[PDB]
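Some notes on the structure that comes next.
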Amino acid sequence: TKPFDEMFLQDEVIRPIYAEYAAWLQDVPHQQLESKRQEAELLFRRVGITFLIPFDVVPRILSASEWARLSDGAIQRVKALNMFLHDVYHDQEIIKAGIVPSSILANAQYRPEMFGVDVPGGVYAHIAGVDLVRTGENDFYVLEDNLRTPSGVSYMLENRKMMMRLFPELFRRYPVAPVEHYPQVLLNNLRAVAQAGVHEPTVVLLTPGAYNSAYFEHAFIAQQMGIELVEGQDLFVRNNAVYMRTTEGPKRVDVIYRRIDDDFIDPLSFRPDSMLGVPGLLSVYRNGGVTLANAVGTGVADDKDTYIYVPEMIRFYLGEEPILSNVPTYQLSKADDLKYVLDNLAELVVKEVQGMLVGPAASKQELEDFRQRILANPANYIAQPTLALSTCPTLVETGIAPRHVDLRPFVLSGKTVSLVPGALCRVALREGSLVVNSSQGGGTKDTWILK
Ligand SMILES: [Cl-]
Ligand SMILES: [Cl-]
Ligand SMILES: [Cl-]
């Protein structure tokens, strides 16, 4: 019993989807792609790379039918999440029906400033990141939802550009769907959420600035879109409108793609010490003078305590059964969950909200150590059963060996809900590791969606 591999079947048989890649790999002149060392030599000789997050040249390939199911599943989930957000800030029908407890209103991410506020098209999460894992041929799990300021598209776009630059001949052998139109699809969706009356909306990207880890992505996506990259001080509010400062005079801003947290957008309504925001911005948004994307108060839908109700949102709002499954998740802030987790620690995966323990890959000492770490602050942890995480062929020291991967596509909601046929794929390079996170042996791959 081994974890499902994307390339190699039950025996050493190659899955039909990877046959053409295996053929190309055999024709590769000399020992150029036989192991991690030869891959690192190829990447340096051609593109001058020295391992910045590591990159693996073996793509994560998905068929047109796998993506169609995955894509239907992600759109269904995001529609229910947006309908949930409209509901919590309006009639709260799901709470009155007893499906979601009223304790959700104790969540710090629930913004009473958004109660009764109508947002253009009822869209709260204009961009939604969905973290997915595979366990079988037709088995996918949603690990987490990302509805605040989702990131990673720059790695998705650059990884494709890198693969096309290194191996153009490989793109001739596979019918790979393109991804580079993402910024223009996003810009078109932002224009569509302009307030009622606005004919040719002005769109800007509000950034915290250079001293932010994702700043390059902010500058990159704004440049790819062809819109102004602004900081708080570049904008100002007056008479229910937001203006951008220009030498020729103030230019009205209709839509702001915010890459700043709610807490920092308006010192007159939230954190008063913030220098990232725009004073009075929340009032203009609440009174229909501007659109913020993503909306203020989306955090209540992707919080660890709300995650468990997502399958029930799909049934309640859409009258459908969930296409994608949630992962059973324990919230160590709950006494029943804390009791269970500490009693079955060697069988579970424990993660901090805002460190990670792999119970089956831990000794009695490190298990007892983590037990103390948990009890020092239990509310900062969640736990899930250890899943049979799918492996993708990855170039390692010994050669081409299976390594654990995860997938992040980006759902876009404007007047329509859609996905560009691509995703950020993260790989856990170290043997036996399930840490796809770049902090401890984590890298990226290009994700190919076949036409
Ligand atoms: Cl961000
Ligand atoms: Cl369920
Ligand atoms: Cl739609």
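To be explicit about the labels: the chains of the structure tokens are called A, B, and onward in the order shown, and within each one the residues are counted from 1, while ligands get numbers from 1 in the order they are shown.
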| Who sits within 10 Å of residue 134 of chain A, only C-alpha atoms, same chain under 3 positions skipped, as an NGL selection string | :A and (3-6 or 137-142 or 387-391 or 404-407)
| task | Would you list, as a ChimeraX atom specification, the residues of segment 57-252 of chain A that end up in helix (DSSP H, G or I) under DSSP run on this structure's backbone? | result | /A:64-88,93-96,102-106,112-114,120-122,153-166,168-173,182-192,215-225,232-234
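Minimum atom-to-atom distances from A:212, A:65, A:416, A:333 to ligand 3 were compared using only C-alpha atoms and all ligand atoms, and the lowest value belongs to A:416.
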| task | Give as number ranges by chain the residues surrounding ligand 2 up to a distance of 8 Å, considering only C-alpha atoms and all ligand atoms. | result | A: 311-312, 322, 325-326
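Where the distance criterion is 10 Å and the atoms used are only C-alpha atoms and all ligand atoms, the residues close to ligand 3 are residues 75, 76, 79, 412, 413, 414, 415, 416, 417 and 418 of chain A.
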Near ligand 1, 9 Å: chain A residue rows, closest pairs, only C-alpha atoms and all ligand atoms, as a Markdown table:
| residue | atom | partner | partner_atom_place_in_ligand_line | distance |
| --- | --- | --- | --- | --- |
| A:148 | CA | ligand 1 | 1 (Cl) | 8.3 |
| A:149 | CA | ligand 1 | 1 (Cl) | 4.9 |
| A:150 | CA | ligand 1 | 1 (Cl) | 6.3 |
| A:151 | CA | ligand 1 | 1 (Cl) | 5.8 |
| A:207 | CA | ligand 1 | 1 (Cl) | 8.1 |
| A:208 | CA | ligand 1 | 1 (Cl) | 8.8 |
| A:212 | CA | ligand 1 | 1 (Cl) | 8.1 |
| A:213 | CA | ligand 1 | 1 (Cl) | 8.0 |
| A:214 | CA | ligand 1 | 1 (Cl) | 5.4 |
| A:215 | CA | ligand 1 | 1 (Cl) | 7.5 |
| A:217 | CA | ligand 1 | 1 (Cl) | 8.0 |
| A:218 | CA | ligand 1 | 1 (Cl) | 7.4 |
| A:258 | CA | ligand 1 | 1 (Cl) | 8.4 |
| A:259 | CA | ligand 1 | 1 (Cl) | 4.8 |
| A:260 | CA | ligand 1 | 1 (Cl) | 6.5 |
| A:261 | CA | ligand 1 | 1 (Cl) | 8.1 |
Please, could you write that set of residues out with C-alpha atoms as a compact mmCIF listing (two decimals), in the first residue's frame?
# COMPACT_ATOMS: atom_id res chain seq x y z
CA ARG A 148 -8.97 37.46 2.08
CA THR A 149 -6.07 38.49 -0.29
CA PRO A 150 -5.33 35.07 -2.06
CA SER A 151 -1.84 34.89 -3.59
CA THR A 207 -0.69 47.71 -2.01
CA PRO A 208 0.85 48.01 1.53
CA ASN A 212 5.51 43.20 2.12
CA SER A 213 6.46 39.59 1.11
CA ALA A 214 3.91 39.55 -1.80
CA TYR A 215 4.80 43.11 -3.05
CA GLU A 217 3.17 39.92 -7.03
CA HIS A 218 1.21 43.21 -6.49
CA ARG A 258 -7.19 45.52 -2.31
CA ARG A 259 -4.06 43.59 -1.36
CA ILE A 260 -4.17 44.98 2.20
CA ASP A 261 -5.97 43.30 5.19
| query | Quick one: residues within 9 Å of segment 188-191 of chain A, only C-alpha atoms counted, chain neighbours fewer than 2 positions away excluded, as number ranges by chain? | reply | A: 126, 183-186, 193-194, 200-203, 254-257, 291, 293, 412-416
Compile a residue-level contact table for segment 124-215 of chain A against segment 32-54 of chain A at a cut-off of 12 Å, reporting for every qualifying residue the shortest atom pair and its distance in Å to one decimal, with only C-alpha atoms counted, rows ordered by chain and ascending number, as JSON lines.
{"residue": "A:155", "atom": "CA", "partner": "A:53", "partner_atom": "CA", "distance": 9.7}
{"residue": "A:159", "atom": "CA", "partner": "A:54", "partner_atom": "CA", "distance": 11.1}
{"residue": "A:162", "atom": "CA", "partner": "A:47", "partner_atom": "CA", "distance": 9.0}
{"residue": "A:163", "atom": "CA", "partner": "A:43", "partner_atom": "CA", "distance": 10.9}
{"residue": "A:165", "atom": "CA", "partner": "A:47", "partner_atom": "CA", "distance": 9.1}
{"residue": "A:166", "atom": "CA", "partner": "A:46", "partner_atom": "CA", "distance": 7.6}
{"residue": "A:167", "atom": "CA", "partner": "A:46", "partner_atom": "CA", "distance": 10.9}
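Using only C-alpha atoms, the shortest contact distance between residue 234 of chain A and any of A:250, A:360, A:59, A:122 is found at A:250.
Residues within 8 Å of residue 115 of chain A, counting only C-alpha atoms and excluding same-chain residues fewer than 6 positions away, are residues 88, 89 and 90 of chain A.
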Residues of the last selection are to be written out with N, CA, C and O atoms, as a PDB file, in the first residue's frame.
ATOM      1  N   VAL A  88     -24.859  36.030   5.922  1.00  0.00           N
ATOM      2  CA  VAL A  88     -24.432  36.475   7.275  1.00  0.00           C
ATOM      3  C   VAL A  88     -24.557  37.957   7.512  1.00  0.00           C
ATOM      4  O   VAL A  88     -24.654  38.385   8.674  1.00  0.00           O
ATOM      5  N   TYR A  89     -24.414  38.758   6.443  1.00  0.00           N
ATOM      6  CA  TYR A  89     -24.473  40.215   6.556  1.00  0.00           C
ATOM      7  C   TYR A  89     -25.852  40.752   6.163  1.00  0.00           C
ATOM      8  O   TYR A  89     -26.041  41.966   6.077  1.00  0.00           O
ATOM      9  N   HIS A  90     -26.830  39.843   5.965  1.00  0.00           N
ATOM     10  CA  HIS A  90     -28.193  40.232   5.627  1.00  0.00           C
ATOM     11  C   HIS A  90     -29.223  39.552   6.522  1.00  0.00           C
ATOM     12  O   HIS A  90     -29.245  39.850   7.705  1.00  0.00           O
TER      13      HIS A  90
END
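With only C-alpha atoms as the atoms that count, the residue of A:92, A:287, A:31, A:269 with the shortest distance to residue 399 of chain A is A:31.
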| task | Go through A:276, A:295, A:177, A:425 and flag the residue nearest residue 67 of chain A, using only C-alpha atoms for the distances. | result | A:177
| message | Could you list, as a PyMOL selection string, every residue within 9 Å of residue 381 of chain A, counting only C-alpha atoms and ignoring same-chain residues fewer than 2 positions away? | response | chain A and resi 330-333+350-354+374+377-379+383
Export of the given selection (C-alpha atoms) as a short mmCIF file (atom, residue, chain, number, x, y, z; two decimals), in the first residue's frame:
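Result file result.cif:
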data_model
loop_
_atom_site.label_atom_id
_atom_site.label_comp_id
_atom_site.auth_asym_id
_atom_site.auth_seq_id
_atom_site.Cartn_x
_atom_site.Cartn_y
_atom_site.Cartn_z
CA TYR A 330 -10.51 19.07 14.74
CA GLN A 331 -10.41 22.53 16.34
CA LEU A 332 -8.15 22.26 19.45
CA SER A 333 -9.90 25.39 20.80
CA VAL A 350 -1.50 18.90 13.74
CA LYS A 351 -0.98 22.41 12.36
CA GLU A 352 -0.90 25.89 13.87
CA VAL A 353 -3.47 28.45 12.66
CA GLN A 354 -1.46 31.78 12.72
CA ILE A 374 -0.26 22.26 22.08
CA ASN A 377 -1.82 27.41 23.41
CA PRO A 378 -4.47 24.84 22.21
CA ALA A 379 -6.73 27.42 20.45
CA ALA A 383 -5.75 18.63 13.46
#
